[PDB]
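Here is the structure we will look at, set down as structure tokens.
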Amino acid sequence: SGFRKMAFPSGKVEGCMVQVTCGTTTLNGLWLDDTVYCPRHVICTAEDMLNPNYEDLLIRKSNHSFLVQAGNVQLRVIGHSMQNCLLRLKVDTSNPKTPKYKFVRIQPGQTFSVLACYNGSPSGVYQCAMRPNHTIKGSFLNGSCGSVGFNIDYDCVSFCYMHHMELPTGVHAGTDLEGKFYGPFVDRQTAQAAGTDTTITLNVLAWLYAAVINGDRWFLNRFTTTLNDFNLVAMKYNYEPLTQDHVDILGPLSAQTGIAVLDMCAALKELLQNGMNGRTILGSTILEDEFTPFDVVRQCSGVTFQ
Amino acid sequence: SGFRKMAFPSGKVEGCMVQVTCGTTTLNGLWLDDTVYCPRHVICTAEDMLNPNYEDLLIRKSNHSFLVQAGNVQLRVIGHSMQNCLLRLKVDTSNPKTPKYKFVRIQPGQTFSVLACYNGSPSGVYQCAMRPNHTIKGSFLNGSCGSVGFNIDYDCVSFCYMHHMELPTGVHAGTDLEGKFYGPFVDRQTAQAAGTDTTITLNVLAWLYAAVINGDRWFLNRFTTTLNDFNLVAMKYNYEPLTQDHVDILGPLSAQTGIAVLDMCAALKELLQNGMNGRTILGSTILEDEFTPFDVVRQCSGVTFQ
Amino acid sequence: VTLX
Amino acid sequence: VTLX
């Protein structure tokens, strides 16, 4: 029993973290087979950042412009290329700790584990969701760029995020492992602001199922709702509209608990309109939106506490 | 910037997880050098659990009564002994992945990372505090026994917890790596109940410092308090009394922020008496008590956002 | 209690 | 923005 924000074991990713230095900038990179991946702004200086031209800044670098350090060992760079907002540095050595892996572009509302790293050395692991506004609420200090996000299924690591920067509201922005930003952000020091965010409705519902599976029914009611009527309530409380595809996704959790999705939606609508106040769900005072339906099935018993 | 419950990278511990089977019971053990450690109730059956006599149950086992599986490889047991509530099984092979390590007995209010494991295979990582009532609010399903808790400093792993059981309230109980339970619990199926819990005052204060370091001052006030006057408020809201040793511990955070401990205590006393209602601290609607002063210094900038 |  |  119990329910915790839970990260994936991090060892397969730890074995891939290196340090990349260009001039006076040092940050982390990811070493798979014979390539190291890192944020391209490693080639910039501070005044370069206001209005960088990477194609122009990069043509000015050689292979020996980049120092790659794996633990105590220096990796010699033997080629480099830009891919969108990352560099791919070819090194003379294949990482013998390369796990089975894929590069995935994660969708908003999905979760992943972040291994926060400094100077190529892992410092901690936590879980976070891709917000609908394409930011994450991470924990990052200077030198964390190049830290990665990932999910694991079986013994395959799906890398989905590489860290680049922090926005004025204290939230974080970065790219997939093809160097493409999540959201409308660019890698330069210019005014950029996270768009307005919303609550991930699908996740809130999944976590209410979590609560029922773990044995709590207090917030249920005898009502049902149409999808459309729920959505008028959703819009007023700044929740993402619920779709039939989201309803479908909740099928297996619905079946495990015998509670119809639209019945749980009515329950949610009641919680938004009347509050919880005083009461907790899974130890929480508020409605939680950072667990996916998949995160619930992963962690909960496949047997309901009836 | 940012502040997340953050676990230690888990790779050095993953390399130590094995599977231990006795009869029809399978659970996890911890493989350091040539010993595997696991919960002694691995030798029990269900009716053995009501009133087990381990010394008697154990004399009835041989070395070949225990099957230890490291990944796909079988480890042959060449000796066994009971230490309090654990077994120490000597195997014919030293774990080549043994990290530098210590066994530590953690104190209430301290935190550690738990690597949840099933069938010797790690499934996820999360952080939790040793509650004052000697339980933890973990996330554990059948087969999780033998999962461990640990902290890391430099490249040394300090193991502090091994999981054994769940109590009727859904909280979790276990031992240190010498097999000694945390709290008044025993490894048998009998009525046991977690004692009354309290809030970890030192942690709440540390996390209010966290909030100031990250740039938030809204809950501060112009008042101070005596230790003794704070404690009369503490007792009424079910908080641990604050001691001079706890005041001292907060010295470095106090100094980084220019806020006197007893000034932060006044701020806390005001939050308990008047609430936050409406407002958040570090994104939280409630007062958080699962971060130590050490957890704050680890994760926060050494420079305050003034 | 539940042994796990 | 803050590049990290």
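Residues in the structure tokens are numbered from 1 in each chain, the chains being A, B, ... in the order shown, and ligands are numbered from 1 in the order shown.
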
Contact residues (chain A, partner chain D, 7 Å, only C-alpha atoms) as a ChimeraX atom specification:
/A:141-145,164-168,189-192

Exercise: residue 194 of chain B partners within 12 Å, only C-alpha atoms, chain neighbours under 6 positions left out, as an MDAnalysis selection string:
(chainID B and resid 131:137 165:173 182:186) or (chainID C and resid 1)

Contact set, chain A to chain B: 6 Å, only C-alpha atoms, as a list in words:
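Residues passing the distance filter: residues 1, 2, 3, 6, 7, 8, 9, 10, 11, 124, 125, 126, 138, 139, 140, 141 and 170 of chain A.
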
Compile a residue-level contact table for segment 126-196 of chain B against segment 84-90 of chain B at a cut-off of 7 Å, reporting for every qualifying residue the shortest atom pair and its distance in Å to one decimal, with only C-alpha atoms counted, rows ordered by chain and ascending number, as a tab-separated table.
```
residue	atom	partner	partner_atom	distance
B:178	CA	B:84	CA	6.9
B:179	CA	B:85	CA	4.4
B:180	CA	B:84	CA	5.9
```

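You can rank A:199, A:151, A:95, A:225 by their closest distance to residue 267 of chain A using only C-alpha atoms, and at the top of that list sits A:225.
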
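Between atom CA of residue 305 of chain B and atom CA of residue 112 of chain B the separation is 27.6 Å.
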
Gap from atom CA of residue 41 of chain B to atom CA of residue 110 of chain B - Å, one decimal:
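Pair atom CA of residue 41 of chain B / atom CA of residue 110 of chain B returns 26.7 Å.
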